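Student:
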Ligand SMILES: OC[C@H]1O[C@H](O)[C@H](O)[C@@H](O)[C@@H]1O
Ligand SMILES: OC[C@H]1O[C@H](O)[C@H](O)[C@@H](O)[C@@H]1O
Ligand SMILES: OC[C@H]1O[C@H](O)[C@H](O)[C@@H](O)[C@@H]1O
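Protein chains in written order, with the entry's author numbering: chain D, 2 to 480; chain C, 2 to 480; chain A, 2 to 480.
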């Protein structure tokens, strides 16, 4: 069972140089403000910012050791990535397949493209892939033979075969290892791609996807962990996840709030809050950029268009959906690339009000480390590395974090975070209040404990009242 | 706990002449096809087709007696209306208020408009009322005094005061009486208007509305009934109801299905099924006509406009929202007035596929008696009475129902109903299957029982495969 | 080679009672105004107004004999339908299949659906058929066996198998017989359906459709006939036909002209005229109603919507494309149902200007008999028969035709027809003239012969000047 407290999303090495510096900054600044951490992939990896792991059972020496990861458990919940879709081509299992071909004992762990026969143009066209190449990578075996394996992402990421047994055995092995290190929340990355079936989109193929998901959830349960399955697609999948006793993502909230604040409109936000899925992990910013498919239906299309044009006229290029020529179309944008503080135009009041609304939304709130420090678009890093998403992946030295922690806007955010992590009304029931169409009123009640948020979207004001239980007096949070 | 079986929606006197003839038709035709019945208001009433009851403790003698109603219980579940918002001005309670004024012991039962003081123009414009008159009725007391009471609907309907204690006692008295006659599901009419507060819309004012609803729900539970609170507004209210251990309505489905079949599009339909409110009572047609606010957000606005223009170009006038000049707007239409069979253009395959999708949707399916008999738009009835909704409130003699029962499409619908009412797979868990964007695939599993629906929206084909328990083998259902 | 003169489109029995009365009216009124005739199907038929022929080798006695048909040849070109897609289920060939099953010597003549195996939902959905049923009919053999044959249209129309040899042998027999009765122009009905291949749309499947089409063209030529292949789809198919020495239809013209006259716009008309296909047969009205797919690209979508809404707002219901819910969409309308005189609002000047533009368009112009007589929408017939297309299939007695011929608008149309049929400039080359955006100027030159049409679309004026070569002087045509 997880703590109902704010979580930090952070890299192993973007705050100081490593996991030790990370722990130093966390105890120095956040020890009363968070109850958990999502540490992004810290295993050996050769692509995609950690998500091409050679194994889930080892720490990259550049980051530290397993003792450095266990330095967090015992005081904080620990959320760690489980890359269910693929592993690195430098993993022992895949190098063995390169070395021994189909005589390898790990041969059935990978998807062999030629075992599907001819795939028709129609069936190629259905496949849900955001890259403009076929998801097939041709490799050279040790004996000079060439064979093709399924490859959704970059070529160093070779997809796992959930028609075989080896994939499930591999994942069960990772989970047992991760939970024995104190991981109690498993983020299931890109789970929607685990179902390959020609004739389908090969993405979230149901009911097959929920059987994979129930199996992982059951394995996690017997090992003391819960699951955070990650999908960027229609909101409905978030309810499917929730209804199967797993934690979905509140991916709808960031673009919904951005629109709500920017246009002084509370209509869609309140409708979403009244129906939002149970047991969410909520985010405003992530390590990825603001995802558009997650808010379809939650926000009318014309209002998503407003948000898209508003952001893209002011920040870096979005990430496009595949073969989508219409840059003003909802259906064409996958993610806007913009820090959340810059999406709100560095407006301190708007940003704190966004965080308050996040924190009064049902579910466990995650704060991304860049948003924690009110970071701006990192143009210089993006130009240094060539990775668009680095515009939202700032590095900070420990001194730079000390300095950022002194900003008025960050001190207001710390006060909120402490309140959300500690005040007991959040452990009770959510109760939305009536407001006009340009403001939001949100409350939590648990016995005598009670707190109330009012946000005016016109003027970006945030007011929290709460009951100090020893007396009956209502107090103001001062944030 | 209700039977997980098909229910019939019917008037007390539109199948034959009374409740005795209703029971005759039900035992002759439907005793293997339904497990429950929603008999529309049959009390003494002076407005709006039963929904202005003088009391809930009497049967209008024109319909029969309480024994005619208890003849249905014991074999059938019984869903009955509770008009929580208002009672008749000819009720014993309101006639005492006319006779004795504010010395009446029932003074707190009604809302006294002048006790609000002056209502600003702004605050009048907020009020959620679909009629273009102020919701205030001036009545003359016996002593010649004039005083005004709140009046949402027709003038013979006087709203109840949930700021007083009398309103809760009145409802609790009705519930006790209704449950002692075998009512085990209470449809809570127009409950959203029970919260009056100036400065608000006076409709679904939260959290007050859910306190009213939790209270009635508990009274019903300890008297052996569950609740079906009815709201025609945004889908989110259906989920709010659902998480409070009450049955919401599937009002989203009818216009969603109509669009899905007419435009051969399953995208929005499948997204809705994946996220559906829990424990809902599903409908296609009702006694009121296809309501549009209920599918907002569920379907994009341009597709709702498509549905609106398609039906309005060939059917009777819609019911508008209050001061809405744009007849081509979602925001301007309240209900389409059209029988469901005419909405699907009297296409037997399409109508049967729609019913099959309804029956495989999670929740209790209700079949409206006009839709049961595949009835068409009743132009003559609407012309005789002047009531638009009578275009969907056909009368049948007992002879005419016998005749309609023999239609091939009605016999096909009977087979569906028998299957949905009896086959045990629906008592297990729902399982959506992958399909393309012009067809739907839906399944139910409960142990060894299993049934699978495939509907192709292009050609309106319906196919159900299921496991024959007697043999074990998979069979095709002949409907 | 055909005469470059006006042709009449007519039924066998809609002018008087039969083919004898047809010849009477033609020799009485039209002997200097037309040089050819398209007589719509006059064979034994049991569906679709003649288009389900039991055989092409005999005349239905209700219409007359072959001598009544040969009474027209020798003075007029003779255009007759060849229903290449299907023959009647009461044909000797299909009745032999019912009696003898797959032992029938004609078994290979029809398409047997079960020889395709399972057809996926995707491959069913690709199929181009304008009806909301699967195009499969289950028939009972004489021995009680049930088997299914392909069926695009009504069930009495059984499609022919162009994967077999019998279909070509049958068609070659039909062409040989028709040409021996004097048919020198063969209308090839619905040829686009002759290619059935699962995985494709089963409509205009290239390159095979042109191979079927080259073959018919070659058989027709060696029997003394040319071909008029009939397809309603994108105009590009009209050019594909034209490049294969066949006559395409000018289906683009009717909706293009209507828009041009109704909105006083010549832009799209002139662009089409400058690039229009080469050997076409031009029409304004046909026996079917104004077909929309033929004008896509030729007219912008927004201007097609204008035409659709303008006509549908004041005449009978359109014929829809399959499962198309948006009644204001181009993609949803197949044909408007309105006589061409009513589509122009019975405006005599506008109508005569339309015919002059038709006649000055390159190609052989056909005049439909209802348009000949300036006929209005025949609602009484449509209500009597229940067929929508009958609003455009008026019956006239010989006397009613005598009266219609005396109407001033028809007398002007006669002068045009005589002029277009006889003046030699039409045997030369077309030359478009510069005009503003609300008028059209068209000329024909052949040596010393020259004629020029000016139409003002604002005021519906039409002027023709022509050279009397015997005298040299320019004269005005008084029509
Ligand atoms: O390749 C896997 C992808 O999905 C993961 O869940 C991460 O969120 C993303 O950063 C990564 O690119
Ligand atoms: O006036 C009350 C209204 O709400 C009721 O619940 C019924 O659905 C409707 O027929 C009635 O008119
Ligand atoms: O079924 C054949 C169809 O195409 C034919 O060519 C005719 O033009 C049309 O009237 C008929 O309905």
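Think of the CB as a built atom: it goes at the ideal place given N, C-alpha and C, for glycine as much as any other residue.
8 angstroms is my cut-off, CB to CB: does residue 123 of chain D come that close to chain A?
Tutor: Taking Cβ atoms only, chain A reaches closer than 8 angstroms to residue 123 of chain D, which makes this a yes.
Student: For chain C, is any of its Cβ atoms less than 8 angstroms away from the one on residue 261 of chain D?
Tutor: No, no contact with chain C.
Student: Going by DSSP in three states, residue 366 of chain D sits in which element: helix, strand or coil?
Tutor: Correct three-state label for residue 366 of chain D: strand.
Student: Considering only heavy atoms of ligand 2, does any lie closer than 7 angstroms to the CB of residue 204 of chain C?
Tutor: No - ligand 2 has no heavy atom lying nearer than 7 angstroms to the Cβ of residue 204 of chain C.
Student: At the level of alpha carbons, what is the spacing between residue 131 of chain C and residue 387 of chain A?
Tutor: C-alpha separation (whole angstroms): 41 angstroms.
Student: At 9 angstroms on the CB atoms, spell out the chain D contacts of residue 433 of chain C, in chain order.
Tutor: Near residue 433 of chain C (Cβ distances below 9 angstroms), the residues of chain D are 207, 208 and 241.
Student: Residue 21 of chain A and residue 399 of chain A: beta carbons closer than 8 angstroms?
Tutor: Taking 8 angstroms as the Cβ cut-off, residue 21 of chain A and residue 399 of chain A do not qualify as a contacting pair.
Student: Can you tell me whether residue 435 of chain A is buried or exposed, with buried defined as 16 or more other CB within 10 angstroms of its CB?
Tutor: With fewer than 16 other Cβ atoms within 10 Å, it is exposed.
Student: Take residue 4 of chain A as the anchor and find which of A:206, A:423, A:469 and A:447 has the nearest alpha-carbon.
Tutor: It is A:423 whose Cα lies nearest to the Cα of residue 4 of chain A.
Student: Quick check: what's the CA-CA separation for residue 186 of chain D versus residue 228 of chain D?
Tutor: Cα to Cα, the separation comes out at about 5 angstroms.
Student: Whole angstroms are fine: how far does the CA of residue 123 of chain D sit from the CA of residue 117 of chain D?
Tutor: The alpha-carbon atoms of residue 117 of chain D and residue 123 of chain D are separated by roughly 14 angstroms.
Student: Starting from the C-beta of residue 409 of chain C, find all residues in its chain whose C-beta is less than 8 angstroms away, skip the five residues before and the five after it, and write them out in chain order.
Tutor: If we look at residue 409 of chain C and ignore the five residues flanking it on each side, its Cβ neighbours are 349.
Student: Just to confirm my understanding: we take residue 277 of chain C, look at its own chain, exclude 5 residues before and 5 after, and list those with CB closer than 6 angstroms. What are they?
Tutor: Excluding residues within five positions, the ones whose Cβ falls inside 6 angstroms are 363.
Student: Select from the region 288-311 of chain D all residues with a C-beta closer than 7 angstroms to any C-beta belonging to chain C, and list them in chain order.
Tutor: Answer in chain order: 298, 301 and 302.
Student: Assuming residue 9 of chain C is part of the beta strand (DSSP E), what are its boundary residues?
Tutor: From DSSP, the beta strand (DSSP E) with residue 9 of chain C extends over 8-11.
Student: Pull up the CB-CB distance for residue 8 of chain D and residue 90 of chain D, whole angstroms please, since I reckon it's below 8 angstroms.
Tutor: With a Cβ gap of about 32 angstroms, residue 8 of chain D and residue 90 of chain D do not count as contacting.
Student: For the region 263-275 of chain C, which residues have a CB atom closer than 7 angstroms to at least one CB atom of chain D, in sequence order?
Tutor: Flagged, chain order: 272 and 275.
Student: Any heavy atom of ligand 1 closer than 7 angstroms to the beta-carbon of residue 50 of chain D?
Tutor: Yes.
Student: Report yes if the C-beta of residue 1 of chain A is less than 7 angstroms from at least one heavy atom of ligand 3; otherwise report no.
Tutor: As shown, chain A starts at 2 and ends at 480. That puts residue 1 of chain A outside it, with no answer to give.
Student: For residue 2 of chain A, count neighbouring Cβ atoms within 10 angstroms of its own Cβ and tell me buried if that reaches 16, exposed if not.
Tutor: Burial call: exposed.
Student: How big is the Cα-Cα spacing for residue 381 of chain D and residue 347 of chain D?
Tutor: Using only the alpha carbons, I get a separation of about 18 angstroms.
Student: Please state if the CB of residue 332 of chain C and the CB of residue 1 of chain C are separated by a distance shorter than 8 angstroms.
Tutor: Lying outside 2 to 480, the shown extent of chain C, residue 1 of chain C is not represented and no answer is given.
Student: If I measure Cβ to Cβ from residue 10 of chain A and keep anything under 6 angstroms in the same chain, skipping five residues before and after, which residues do I get?
Tutor: 39, 367 and 369.
Student: Does residue 197 of chain A have its Cβ less than 8 angstroms from a Cβ in chain C?
Tutor: With 8 angstroms as the cut-off, residue 197 of chain A does not count as an interface residue toward chain C.
Student: Is there a Cβ of chain A sitting closer than 8 angstroms to that of residue 462 of chain C, yes or no?
Tutor: It does: the Cβ of residue 462 of chain C has a partner Cβ on chain A nearer than 8 angstroms.
Student: So, at 7 angstroms on beta carbons, what are the nonlocal neighbours of residue 151 of chain A in its own chain, with the 5 sequence-adjacent residues on each side left out?
Tutor: So the list reads 112, 114, 136, 137, 160 and 197, once near-sequence residues are dropped.
Student: For a contact meaning CB atoms closer than 8 angstroms, what does residue 238 of chain C contact in chain D?
Tutor: Result: 275.
Student: Taking the beta carbon of residue 412 of chain A as the centre, do at least 16 other beta carbons fall within 10 Å, making it buried, or is it exposed?
Tutor: It is exposed - the Cβ of residue 412 of chain A has fewer than 16 other Cβ atoms within 10 Å.
Student: Leaving out five residues before and five after residue 65 of chain C in sequence, what residues of the same chain have Cβ atoms less than 7 angstroms from its Cβ?
Tutor: Same-chain partners within the cutoff: 19, 20 and 21.
Student: How close, in whole Å, do the beta carbons of residue 371 of chain D and residue 338 of chain D come, if the pair is a contact with beta carbons under 8 angstroms?
Tutor: Not quite, the Cβ-Cβ distance comes to about 12 angstroms (not below 8 angstroms), so this is no contact.
Student: My output table needs one value for residue 415 of chain D: the three-state DSSP class, helix, strand or coil.
Tutor: Here residue 415 of chain D sits in helix by DSSP.
Student: Please name the residues in the region 328-362 of chain D whose beta-carbon is closer than 8 angstroms to at least one beta-carbon of chain C, in chain order.
Tutor: Listed by position, the residues of the region 328-362 of chain D near chain C (Cβ gap below 8 angstroms) amount to none.
Student: Tell me, please, whether the CB atom of residue 153 of chain C is closer than 8 angstroms to any CB atom in chain D?
Tutor: Output row for residue 153 of chain C: interface = no.
Student: Check for me: the beta strand (DSSP E) holding residue 330 of chain A runs from which residue to which?
Tutor: Unbroken run through residue 330 of chain A: none, as it is neither H nor E.
Student: Among C:359, C:205 and C:49, whose alpha-carbon lies nearest the alpha-carbon of residue 273 of chain C?
Tutor: It is C:359.
Student: Would the C-beta of residue 190 of chain C count as close to ligand 2, meaning under 7 angstroms from any of its heavy atoms?
Tutor: Within the cutoff, so yes.
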